[PDB]
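Shown below, as structure tokens, is a lone chain in the form deposited in one PDB entry; questions about how it binds or moves come after it.
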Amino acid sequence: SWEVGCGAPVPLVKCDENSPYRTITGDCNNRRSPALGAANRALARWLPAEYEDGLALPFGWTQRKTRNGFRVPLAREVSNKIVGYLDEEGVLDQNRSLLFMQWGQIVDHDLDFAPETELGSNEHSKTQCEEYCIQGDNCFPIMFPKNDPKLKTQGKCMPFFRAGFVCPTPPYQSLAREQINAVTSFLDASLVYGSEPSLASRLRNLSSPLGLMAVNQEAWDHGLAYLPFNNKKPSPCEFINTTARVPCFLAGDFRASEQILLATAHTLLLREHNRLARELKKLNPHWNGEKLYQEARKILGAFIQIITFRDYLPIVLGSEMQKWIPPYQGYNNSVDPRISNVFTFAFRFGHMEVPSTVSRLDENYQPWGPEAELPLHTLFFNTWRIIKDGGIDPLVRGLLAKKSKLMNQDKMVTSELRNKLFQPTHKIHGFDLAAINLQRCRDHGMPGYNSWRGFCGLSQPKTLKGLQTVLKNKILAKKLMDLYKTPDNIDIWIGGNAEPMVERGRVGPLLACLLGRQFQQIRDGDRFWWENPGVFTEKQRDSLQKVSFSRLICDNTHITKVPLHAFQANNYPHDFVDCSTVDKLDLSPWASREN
């Protein structure tokens, strides 16, 4: 019946059980089941996997074997016929700041990460793949359909490598393939501190006994810190401008430099740690480094949970928030905290919220310079624009003043991402994130669209007319049917995002259900949830419900004007107020006394 074990990629050491602090690997959160929610374990399955050979081969791998009677349409073709659009006019969200999109990518990276398989570097299969598009082993190419412009310009495919799985990393067979989640499942700010002890330690400043995080020594942002540079050459960040040779940043998560605005947010969090750390030393001079580090790390973890659950989720889920996430009632040690495989695709809805340009604003929110509005694709793994071109402040003003892209059925994913995505392994700005998502969907063996509608207790359309009704769109339904032949075959990623948004939210009914369950589970199944009695004191808690992203900005940048509600669309200068008007985090409740 049960396959209750395999376990090598699985970090391992004892629990303190009385320690008031989370471990780095997530281990020991649950006392009865210690590895529950830990990093480097398999992603949870809410539904049985669906592979072509029922074991590990993804659908579309063998070109003669169908899925429910039909061939699965090429990922790229679905991308071309349904996901793309040309006109960026009128695509912006009239009531969601650019920060709304950016916070999601943060939360996301704190929750899941399914890295690609290795099988060595000095490899020539990493070459056999992008070079000859030969499917086999972990190379699973995204072929181009006929009439694709990339055929004339890029080759016959886009290389793609399968995601890592448990038990090993190499040639495996037995049980059904299960992907790895290299990060901790709890909302614990592991994207700032790391998910491995090795990496957690390297990020720390273990010279001064101040419990500070290591900062860049080669550059400063007007007296403020930058994350240290990465050790690793060759570096993607310097590849995109060999004259500036500015390496990628080093952080608790390896995706930190994936795009300038994500690197900006990471910098804000690293700065807040140090601020909290030296601010604490000022109240408790006897406390040592470890103590300063852990007590800071704890506040920051609580901070991320509060903004997320109090300001972020209510405006994603909308009126469905209360339906899936009822008021907190206490830690439930029986709740499965782990991130499911499907969540890592459902949370990718944020990809349709990314706009095609990033702006830099000057002190009183005017265009910063002449090349102030930049195309998104010039910013992937671009760190030199931060170091050499103004610091983070100008980028932060743009997060508050500019808007997120609104999901639109006739305009899903901007071309900056759909045709010009830059991958760290490769050299070109010619990848397609939408095609990647779909090929990945299949790589993870995801059940079709209708299996998930059933799971969420929602109708399952079997016909065209039925699909029109659910999507409330005749044209979109048609295209989907033409490519998939049956709703049963629609990949969850596009199926889920193709649904119209629920009242006051930004995701449809299927997504709201998937997102909702997961968040309820990681709150309820987290022994260290900030509201769990005994984790913080009542006074420490009254002091924490006063935090805000605005304040975080005021305390860690030289910006002096900020909106009160950073997540909603704000117009300068009316909606903006002076920093000294916003509530500070009162740390006195963290002071101690001797005898």
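The term rigid core refers to the most C-alpha atoms you can superpose between the two forms while keeping them within 1.5 Å. Numbers follow the displayed sequence, beginning with 1.
Another form exists, deposited in another entry; not displayed. Remarks below refer to it.
Taking the core as reference between this form and the one not shown, the lone member of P314, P115, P197, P170 whose Cα moves by 2 Å or more is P170. If you fit the rigid core between this form and the one not shown, you'll see the Cα of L587 move by less than 2 angstroms. Core-superposed comparison between this form and the one not shown: the C-alpha position of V577 differs by less than 2 Å.
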